[PDB]
Amino acid sequence: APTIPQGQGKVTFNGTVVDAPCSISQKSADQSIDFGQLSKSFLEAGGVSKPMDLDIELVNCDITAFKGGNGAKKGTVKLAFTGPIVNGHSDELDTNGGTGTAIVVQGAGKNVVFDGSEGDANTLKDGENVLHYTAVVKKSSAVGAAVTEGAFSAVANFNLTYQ
Amino acid sequence: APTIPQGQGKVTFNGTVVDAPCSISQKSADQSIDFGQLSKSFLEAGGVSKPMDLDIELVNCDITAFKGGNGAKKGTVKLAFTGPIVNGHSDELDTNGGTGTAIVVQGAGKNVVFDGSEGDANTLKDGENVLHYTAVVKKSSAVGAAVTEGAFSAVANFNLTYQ
Amino acid sequence: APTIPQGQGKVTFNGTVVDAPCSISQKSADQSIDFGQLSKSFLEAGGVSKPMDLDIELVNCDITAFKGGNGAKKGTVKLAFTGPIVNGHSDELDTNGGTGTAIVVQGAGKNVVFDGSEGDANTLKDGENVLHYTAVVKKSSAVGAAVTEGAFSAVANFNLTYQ
Amino acid sequence: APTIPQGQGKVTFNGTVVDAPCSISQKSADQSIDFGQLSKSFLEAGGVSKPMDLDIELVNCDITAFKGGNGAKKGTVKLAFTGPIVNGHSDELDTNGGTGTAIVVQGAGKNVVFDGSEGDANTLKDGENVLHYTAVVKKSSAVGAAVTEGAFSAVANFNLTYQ
Amino acid sequence: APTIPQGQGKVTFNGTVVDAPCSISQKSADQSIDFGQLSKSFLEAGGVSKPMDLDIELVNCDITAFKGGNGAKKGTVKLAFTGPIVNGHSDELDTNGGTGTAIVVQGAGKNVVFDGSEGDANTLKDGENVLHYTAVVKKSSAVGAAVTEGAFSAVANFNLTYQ
Amino acid sequence: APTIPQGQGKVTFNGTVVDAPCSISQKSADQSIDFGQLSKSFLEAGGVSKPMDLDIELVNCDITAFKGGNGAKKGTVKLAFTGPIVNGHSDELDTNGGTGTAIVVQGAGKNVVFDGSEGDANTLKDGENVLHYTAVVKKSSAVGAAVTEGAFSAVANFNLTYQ
Amino acid sequence: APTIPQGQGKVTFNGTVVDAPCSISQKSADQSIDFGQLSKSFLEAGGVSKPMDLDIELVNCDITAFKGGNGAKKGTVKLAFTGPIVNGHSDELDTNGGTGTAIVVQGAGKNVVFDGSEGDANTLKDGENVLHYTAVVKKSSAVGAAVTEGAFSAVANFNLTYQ
């Protein structure tokens with residue numbers, strides 16, 4: 001007897017909301033970079049890998065009322081990256097592994113620092129926006145650094161503030 | 001002594017079968033949507049997030065013999081979504097949280113209702129099929145609704161019938 | 001010790017085969033059309049966007065033996081499009097969104113219908129072939145239709161038969 | 001008084017080791033396949049579900065010294081699957097349930113048999129490897145087999161040997 | 001048994017609509033410029049690359065009723081470019097990289113500024129229109145700027161308004 | 001007579017609280033790593049398994065007021081791992097079993113030591129944080145160490161302090 | 001009270017390094033080929049599909065010092081493909097499925113063999129390089145081979161060595 005539906009399914013929903021004037025798509029909120037396979041000799045020669053796109057897209061920004069009512073806050077943003085750093089460099093990410101290598105993220109004519117400090121303010125427009133960042137791998141600048149024929153793995157976190 | 005296999009492993013299998021003329025891949029049977037991070041101000045301004053794909057793929061439908069022998073049942077389907085709804089709206093999903101926000105799923109020129117009722121019949125073809133649905137987040141239409149700077153979480157269920 | 005290959009990689013392969021006399025390249029099997037950004041006023045004035053190419057290339061058809069042994073089946077094909085349609089029009093695709101707009105695909109001196117029915121038979125030759133189709137956006141012919149300043153999204157499916 | 005650590009935690013570790021020349025990741029050692037929801041009519045028509053990936057990845061194989069010192073054993077492997085089988089077929093897995101259905105796993109141009117016997121030897125390379133297998137569901141080939149509108153459940157085990 | 005269509009395929013559709021009097025083809029909405037390979041010495045000598053076409057085509061403008069009913073708004077448009085800029089220059093795009101180079105986009109007898117401000121109003125006609133822009137690479141005007149033998153990468157965004 | 005509820009259920013709740021500025025999810029507070037099945041020969045050759053993720057996520061950190069009022073304590077943390085160690089190495093976990101193998105956990109450009117001592121201070125940001133750690137298995141560095149074809153099992157504990 | 005960052009995000013990094021003189025982009029390290037839908041009759045007639053690009057790009061090769069110090073090793077490479085093969089052919093990939101079909105990859109005036117053996121040495125230059133390979137589908141050369149109207153699926157692996 002008991003009736004059986006010809007197709008049962010379920011969908012769930014998740015998200016969050018902040019006081020920001022602009023929204024952040026999950027696709028950019030988190031992400032991962034793969035540098036594939038690198039030549040030791042190349043890195044040992046002080047070489048550097050090709051830049052990877054760490055671009056961050058901002059959506060539904062409508063910073064009109066925002067930049068108006070908030071006065072000085074005229075539609076700029078900045079990021080504060082945090083992670084293990086190479087001593088005396090800061091802008092050099094101390095990857096997790098048994099290698100003498102490191103990762104450097106760059107923004108415009110500046111470098112990214114992973115010491116939790118904020119970077120330069122970035123002007124943005126109404127509606128949609130995107131920040132452009134590049135990441136490369138090189139032999140660490142640490143003293144006595146040496147490239148080990150192993151795997152790479154590193155994690156960096158950042159906060160975004162609006163002005 | 002006792003011999004030891006050089007690699008032992010195990011694989012299990014699960015599934016089910018119904019009287020439907022078409023099969024449903026697990027990948028669509030259940031799923032989850034993440035709206036990432038939203039701007040309060042934007043939602044408070046009555047704004048709405050970008051559409052998310054809740055598409056449902058149907059496989060091995062071969063509705064030939066089906067639509068023939070079953071007469072009036074000429075190869076259409078419909079969904080009956082069920083969940084908490086906002087009063088006097090029904091098509092507005094009453095998310096679980098301390099926020100004045102809600103989720104609306106849309107199908108074609110119509111909206112989805114989560115009151116357990118069936119939607120419009122949808123013509124399908126032989127072999128493979130897919131239904132197209134979109135989901136967005138907005139400030140709830142509830143009286144006195146207000147957007148709280150917190151997290152979002154909601155669950156909706158649906159049945160699928162064949163005609 | 002353990003030796004490490006100087007470059008490891010992997011390639012996978014996928015596809016399928018049917019009783020058709022001609023093969024179908026993946027590039028045409030599935031595809032997507034982007035109409036960019038449209039003027040509301042223009043659409044509201046009953047205007048229509050520019051035609052997009054939905055051409056379908058068929059390869060390795062060699063319909064010699066085919067059209068011979070299969071008699072009446074003298075090297076023609078037809079498509080059966082399926083999707084949400086505007087009532088009383090059928091040839092008008094009921095896009096998914098909160099807009100009063102729709103999509104119309106056209107073939108030769110005829111229009112495409114998304115009710116799952118087959119279109120006109122199309123003569124083809126030996127070796128290589130291609131069908132030519134155009135798609136445009138317009139204000140829906142639905143009663144009380146009105147263009148909303150939002151996004152567009154629609155999905156249509158079709159089967160191909162050989163005669 | 002008594003001091004309280006500001007965050008206490010614990011991590012455990014498990015695994016095993018064999019005389020194999022190559023290691024086996026847990027992720028492949030065990031696993032599970034879900035075929036979602038199937039059409040009875042389709043199965044009753046003698047239809048068959050889509051192939052599921054039962055691929056087995058082997059890591060750190062370095063079969064150099066191995067294939068050398070072990071002579072005839074020139075870097076091949078094979079699997080011996082074990083489970084309930086359909087009589088007179090063997091390569092057909094007798095699922096556990098009140099349905100007239102069964103599961104068939106396939107490897108290359110051959111089928112997998114669950115009678116505890118070993119399959120064909122598979123050449124592998126140094127470093128990393130992976131075997132490719134597919135699984136499908138069909139109406140059992142058993143005499144008088146009939147598809148019951150219920151659930152599916154089956155378990156199969158296998159050993160891996162190196163040559 | 002189960003019937004198999006001789007060719008199954010799927011096509012999707014995307015786009016959006018705004019209150020603009022004219023439509024914008026996707027082909028211009030987004031795009032990319034490649035300056036190929038440049039001579040360091042040349043750039044170091046203060047040289048400048050050849051102009052690249054960043055032209056923006058507007059379609060279905062029919063600004064008749066528009067320019068009429070909207071009075072002062074007599075069929076002109078302007079762009080507001082946004083991106084990283086070189087200090088004290090603004091019209092000089094601070095590319096992302098370890099080079100002392102920059103990009104300058106020019107329009108008519110004026111230069112483009114990437115500070116989010118709007119440029120000069122541009123008269124347009126009924127039906128079809130196109131704006132003409134050029135882009136060149138030069139050694140940055142930044143203090144102490146120097147050309148590094150590396151790669152170039154930059155992203156700029158803009159909004160379009162109608163008057 | 002006696003009435004019977006149509007569904008009785010019960011839910012319990014557990015947890016704890018410390019003076020830490022940040023909270024610790026149970027999911028990270030405790031956890032377990034499985035290295036699956038390893039090759040003896042590989043380990044005997046001095047090989048090492050692939051890195052496993054022992055990442056520790058910290059939530060609701062809001063270290064604003066914290067890092068302020070606590071002066072020198074400017075938002076850093078460190079871990080003190082404790083367990084059986086291999087003599088003269090310390091950073092090598094003396095697993096429990098009849099094998100000549102051991103486990104090494106690594107953090108950034110440093111290794112983890114299980115002698116109860118604290119590791120390097122790790123800068124963290126406001127809101128959410130995560131530490132990245134890797135674990136591998138190798139043939140123990142103990143004198144006369146030899147890999148036995150058996151099972152692996154080890155337990156390590158750690159405390160977390162905030163500065 | 002507790003402060004909430006206006007946008008939190010996280011990025012991870014992965015990769016590896018080998019003793020190779022040249023680096024390998026992930027995009028080529030792994031990949032997948034789709035042959036779309038094929039005609040049975042065509043394959044049965046001994047026909048063959050169109051060639052697919054399996055090109056492998058090598059980056060940052062700088063084989064100057066390499067080819068010098070390593071003497072005989074004057075800047076050549078070769079691949080060793082491994083997978084299921086058709087008996088007495090080797091260069092014919094025994095796809096996984098219930099079809100009488102197979103895949104053949106070709107390089108220059110030679111064919112690729114999936115028996116784990118190395119192919120011909122390929123001269124490469126300094127900086128950037130790319131190898132060109134084609135893949136096609138045909139009716140298997142196996143005895144009694146016959147094309148089944150089903151799906152295709154195959155996996156092949158290879159190592160890269162430098163001389």
# chains A, B, ... in the order shown; residues from 1 in each chain; ligands from 1

call {"tool": "interface_residues", "arguments": {"of": "chain A", "to": "chain E", "cutoff": "10 Å", "atoms": "only C-alpha atoms", "output": "PyMOL selection string"}}
result
chain A and resi 48+50-51+53+55+75+105-111+120-135

call {"tool": "write_last_selection", "arguments": {"atoms": "C-alpha atoms", "output": "JSON list (two decimals), in the first residue's frame"}}
result
[["chain", "number", "residue", "atom", "x", "y", "z"],
["A", 48, "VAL", "CA", 60.58, 32.41, -9.97],
["A", 50, "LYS", "CA", 54.66, 32.26, -13.27],
["A", 51, "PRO", "CA", 52.04, 34.51, -11.67],
["A", 53, "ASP", "CA", 45.49, 34.87, -10.43],
["A", 55, "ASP", "CA", 41.65, 38.02, -8.07],
["A", 75, "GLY", "CA", 34.81, 54.04, -1.64],
["A", 105, "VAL", "CA", 51.70, 37.56, -3.49],
["A", 106, "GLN", "CA", 51.83, 40.93, -5.24],
["A", 107, "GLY", "CA", 49.32, 43.74, -5.72],
["A", 108, "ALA", "CA", 49.91, 46.49, -8.27],
["A", 109, "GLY", "CA", 53.34, 48.04, -7.73],
["A", 110, "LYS", "CA", 53.33, 46.70, -4.17],
["A", 111, "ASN", "CA", 53.81, 43.36, -2.43],
["A", 120, "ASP", "CA", 47.03, 50.07, 0.40],
["A", 121, "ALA", "CA", 43.52, 51.47, 0.00],
["A", 122, "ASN", "CA", 41.93, 50.51, -3.32],
["A", 123, "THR", "CA", 39.35, 52.72, -5.04],
["A", 124, "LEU", "CA", 36.23, 50.90, -6.21],
["A", 125, "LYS", "CA", 33.13, 51.82, -8.21],
["A", 126, "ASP", "CA", 29.38, 51.24, -7.96],
["A", 127, "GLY", "CA", 27.82, 47.86, -8.73],
["A", 128, "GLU", "CA", 30.61, 45.39, -9.48],
["A", 129, "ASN", "CA", 34.33, 45.38, -8.68],
["A", 130, "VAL", "CA", 37.40, 43.14, -8.75],
["A", 131, "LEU", "CA", 40.87, 43.29, -7.23],
["A", 132, "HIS", "CA", 43.85, 41.86, -9.12],
["A", 133, "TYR", "CA", 46.57, 39.88, -7.36],
["A", 134, "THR", "CA", 49.41, 37.61, -8.48],
["A", 135, "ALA", "CA", 51.22, 34.79, -6.69]]

call {"tool": "atom_distance", "arguments": {"atom1": "CA of residue 74 in chain A", "atom2": "CA of residue 163 in chain A"}}
result
6.1 Å

call {"tool": "residues_around", "arguments": {"residues": "residue 147 in chain C", "least_positions_apart": "2", "cutoff": "10 Å", "atoms": "only C-alpha atoms", "output": "MDAnalysis selection string"}}
result
(chainID C and resid 39:44 98:102 138:140 145 149:150) or (chainID E and resid 17:19)

call {"tool": "select_by_dssp", "arguments": {"residues": "chain F", "states": "strand (DSSP E)", "output": "PyMOL selection string"}}
result
chain F and resi 23-24+30-39+52-53+56-59+76-82+101-107+110-111+122-123+129-131+134-139+151-162

call {"tool": "residues_around", "arguments": {"residues": "range 27-32 of chain G", "least_positions_apart": "2", "cutoff": "9 Å", "atoms": "only C-alpha atoms", "output": "number ranges by chain"}}
result
A: 36-37; C: 7-14; G: 24-25, 34, 54-58, 155

call {"tool": "write_last_selection", "arguments": {"atoms": "C-alpha atoms", "output": "PDB file, in the first residue's frame"}}
result
ATOM      1  CA  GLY A  36      51.935  22.210 -10.409  1.00  0.00           C
ATOM      2  CA  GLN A  37      55.483  20.865 -10.664  1.00  0.00           C
TER       3      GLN A  37
ATOM      4  CA  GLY C   7      57.475  14.572 -14.353  1.00  0.00           C
ATOM      5  CA  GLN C   8      54.314  12.578 -13.655  1.00  0.00           C
ATOM      6  CA  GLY C   9      51.022  13.285 -15.419  1.00  0.00           C
ATOM      7  CA  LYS C  10      47.648  11.738 -16.238  1.00  0.00           C
ATOM      8  CA  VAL C  11      45.091  12.006 -19.038  1.00  0.00           C
ATOM      9  CA  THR C  12      41.514  10.714 -19.057  1.00  0.00           C
ATOM     10  CA  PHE C  13      39.119  10.009 -21.923  1.00  0.00           C
ATOM     11  CA  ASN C  14      35.335  10.214 -22.232  1.00  0.00           C
TER      12      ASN C  14
ATOM     13  CA  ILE G  24      55.488  21.518 -15.565  1.00  0.00           C
ATOM     14  CA  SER G  25      52.277  23.542 -15.343  1.00  0.00           C
ATOM     15  CA  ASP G  34      36.060  14.310 -24.636  1.00  0.00           C
ATOM     16  CA  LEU G  54      46.998  16.324 -25.909  1.00  0.00           C
ATOM     17  CA  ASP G  55      49.786  18.895 -26.083  1.00  0.00           C
ATOM     18  CA  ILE G  56      52.105  19.215 -23.087  1.00  0.00           C
ATOM     19  CA  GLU G  57      53.594  22.637 -22.354  1.00  0.00           C
ATOM     20  CA  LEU G  58      56.907  22.879 -20.508  1.00  0.00           C
ATOM     21  CA  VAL G 155      42.515   6.559 -18.124  1.00  0.00           C
TER      22      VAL G 155
END

call {"tool": "select_by_dssp", "arguments": {"residues": "chain F", "states": "helix (DSSP H, G or I)", "output": "VMD selection string"}}
result
chain F and resid 26 to 29 40 to 44 64 to 69

call {"tool": "atom_distance", "arguments": {"atom1": "CA of residue 21 in chain C", "atom2": "CA of residue 70 in chain C"}}
result
10.8 Å

call {"tool": "atom_distance", "arguments": {"atom1": "CA of residue 52 in chain E", "atom2": "CA of residue 16 in chain E"}}
result
28.2 Å

call {"tool": "decode", "arguments": {"residues": "range 31-114 of chain B", "atoms": "C-alpha atoms", "output": "PDB file, in the first residue's frame"}}
result
ATOM      1  CA  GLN B  31      22.484  19.440  -2.888  1.00  0.00           C
ATOM      2  CA  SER B  32      23.411  22.673  -1.121  1.00  0.00           C
ATOM      3  CA  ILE B  33      23.592  26.364  -2.022  1.00  0.00           C
ATOM      4  CA  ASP B  34      26.055  28.872  -0.578  1.00  0.00           C
ATOM      5  CA  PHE B  35      25.385  32.587  -1.020  1.00  0.00           C
ATOM      6  CA  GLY B  36      28.722  33.533   0.536  1.00  0.00           C
ATOM      7  CA  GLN B  37      28.758  36.923   2.260  1.00  0.00           C
ATOM      8  CA  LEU B  38      26.094  39.568   1.676  1.00  0.00           C
ATOM      9  CA  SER B  39      25.904  43.301   2.352  1.00  0.00           C
ATOM     10  CA  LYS B  40      23.381  44.250   5.029  1.00  0.00           C
ATOM     11  CA  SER B  41      22.872  47.737   3.597  1.00  0.00           C
ATOM     12  CA  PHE B  42      22.217  46.199   0.182  1.00  0.00           C
ATOM     13  CA  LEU B  43      19.584  43.835   1.573  1.00  0.00           C
ATOM     14  CA  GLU B  44      18.166  46.625   3.730  1.00  0.00           C
ATOM     15  CA  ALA B  45      17.805  48.706   0.568  1.00  0.00           C
ATOM     16  CA  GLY B  46      15.550  45.913  -0.686  1.00  0.00           C
ATOM     17  CA  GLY B  47      18.334  44.541  -2.881  1.00  0.00           C
ATOM     18  CA  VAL B  48      18.547  40.919  -4.015  1.00  0.00           C
ATOM     19  CA  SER B  49      21.487  38.549  -4.445  1.00  0.00           C
ATOM     20  CA  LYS B  50      22.542  36.849  -7.678  1.00  0.00           C
ATOM     21  CA  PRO B  51      20.729  33.738  -8.895  1.00  0.00           C
ATOM     22  CA  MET B  52      22.130  30.338  -7.932  1.00  0.00           C
ATOM     23  CA  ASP B  53      21.693  27.234 -10.079  1.00  0.00           C
ATOM     24  CA  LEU B  54      19.406  24.629  -8.523  1.00  0.00           C
ATOM     25  CA  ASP B  55      19.127  22.671 -11.764  1.00  0.00           C
ATOM     26  CA  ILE B  56      17.853  19.092 -11.579  1.00  0.00           C
ATOM     27  CA  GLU B  57      19.159  16.609 -14.147  1.00  0.00           C
ATOM     28  CA  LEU B  58      17.035  13.604 -15.091  1.00  0.00           C
ATOM     29  CA  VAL B  59      18.668  10.621 -16.778  1.00  0.00           C
ATOM     30  CA  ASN B  60      17.541   7.532 -18.688  1.00  0.00           C
ATOM     31  CA  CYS B  61      14.007   8.855 -19.120  1.00  0.00           C
ATOM     32  CA  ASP B  62      12.996   6.969 -22.262  1.00  0.00           C
ATOM     33  CA  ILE B  63       9.411   8.175 -21.891  1.00  0.00           C
ATOM     34  CA  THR B  64       8.337   6.553 -25.158  1.00  0.00           C
ATOM     35  CA  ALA B  65       6.363   3.543 -23.935  1.00  0.00           C
ATOM     36  CA  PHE B  66       5.500   5.606 -20.862  1.00  0.00           C
ATOM     37  CA  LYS B  67       3.751   8.549 -22.511  1.00  0.00           C
ATOM     38  CA  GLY B  68       2.074   6.086 -24.871  1.00  0.00           C
ATOM     39  CA  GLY B  69       0.545   3.513 -22.537  1.00  0.00           C
ATOM     40  CA  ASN B  70      -0.252   6.083 -19.854  1.00  0.00           C
ATOM     41  CA  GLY B  71      -2.326   8.182 -22.240  1.00  0.00           C
ATOM     42  CA  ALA B  72      -2.977  11.637 -20.799  1.00  0.00           C
ATOM     43  CA  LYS B  73       0.391  11.341 -19.060  1.00  0.00           C
ATOM     44  CA  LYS B  74       2.284  12.783 -22.023  1.00  0.00           C
ATOM     45  CA  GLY B  75       5.744  13.292 -20.578  1.00  0.00           C
ATOM     46  CA  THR B  76       5.481  16.111 -18.053  1.00  0.00           C
ATOM     47  CA  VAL B  77       6.726  16.502 -14.482  1.00  0.00           C
ATOM     48  CA  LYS B  78       6.273  18.849 -11.526  1.00  0.00           C
ATOM     49  CA  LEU B  79       7.833  19.524  -8.127  1.00  0.00           C
ATOM     50  CA  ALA B  80       6.259  20.008  -4.702  1.00  0.00           C
ATOM     51  CA  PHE B  81       8.565  22.016  -2.445  1.00  0.00           C
ATOM     52  CA  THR B  82       8.050  21.983   1.321  1.00  0.00           C
ATOM     53  CA  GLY B  83       9.488  24.164   4.082  1.00  0.00           C
ATOM     54  CA  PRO B  84       8.931  27.085   6.450  1.00  0.00           C
ATOM     55  CA  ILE B  85       7.284  29.977   4.613  1.00  0.00           C
ATOM     56  CA  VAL B  86       6.732  33.679   5.254  1.00  0.00           C
ATOM     57  CA  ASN B  87       3.091  34.406   6.046  1.00  0.00           C
ATOM     58  CA  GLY B  88       0.967  35.678   3.167  1.00  0.00           C
ATOM     59  CA  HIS B  89       3.730  34.983   0.649  1.00  0.00           C
ATOM     60  CA  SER B  90       4.365  31.240   0.610  1.00  0.00           C
ATOM     61  CA  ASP B  91       6.890  31.583  -2.212  1.00  0.00           C
ATOM     62  CA  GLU B  92       9.243  33.118   0.349  1.00  0.00           C
ATOM     63  CA  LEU B  93      11.383  30.720   2.369  1.00  0.00           C
ATOM     64  CA  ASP B  94      11.500  31.532   6.083  1.00  0.00           C
ATOM     65  CA  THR B  95      15.185  30.841   6.707  1.00  0.00           C
ATOM     66  CA  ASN B  96      16.352  29.648  10.123  1.00  0.00           C
ATOM     67  CA  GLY B  97      18.218  32.414  11.946  1.00  0.00           C
ATOM     68  CA  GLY B  98      17.953  35.749  13.753  1.00  0.00           C
ATOM     69  CA  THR B  99      17.876  37.718  10.503  1.00  0.00           C
ATOM     70  CA  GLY B 100      15.063  39.450   8.624  1.00  0.00           C
ATOM     71  CA  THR B 101      15.988  37.711   5.373  1.00  0.00           C
ATOM     72  CA  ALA B 102      14.471  35.020   3.157  1.00  0.00           C
ATOM     73  CA  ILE B 103      15.145  32.862   0.100  1.00  0.00           C
ATOM     74  CA  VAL B 104      13.128  32.766  -3.123  1.00  0.00           C
ATOM     75  CA  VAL B 105      13.490  30.018  -5.721  1.00  0.00           C
ATOM     76  CA  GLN B 106      12.155  30.736  -9.206  1.00  0.00           C
ATOM     77  CA  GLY B 107      11.230  28.539 -12.167  1.00  0.00           C
ATOM     78  CA  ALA B 108      10.703  30.022 -15.626  1.00  0.00           C
ATOM     79  CA  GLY B 109       8.207  32.884 -15.442  1.00  0.00           C
ATOM     80  CA  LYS B 110       6.915  31.483 -12.153  1.00  0.00           C
ATOM     81  CA  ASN B 111       8.045  31.331  -8.528  1.00  0.00           C
ATOM     82  CA  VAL B 112       8.505  28.240  -6.363  1.00  0.00           C
ATOM     83  CA  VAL B 113       6.224  27.766  -3.358  1.00  0.00           C
ATOM     84  CA  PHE B 114       7.265  25.769  -0.300  1.00  0.00           C
TER      85      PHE B 114
END
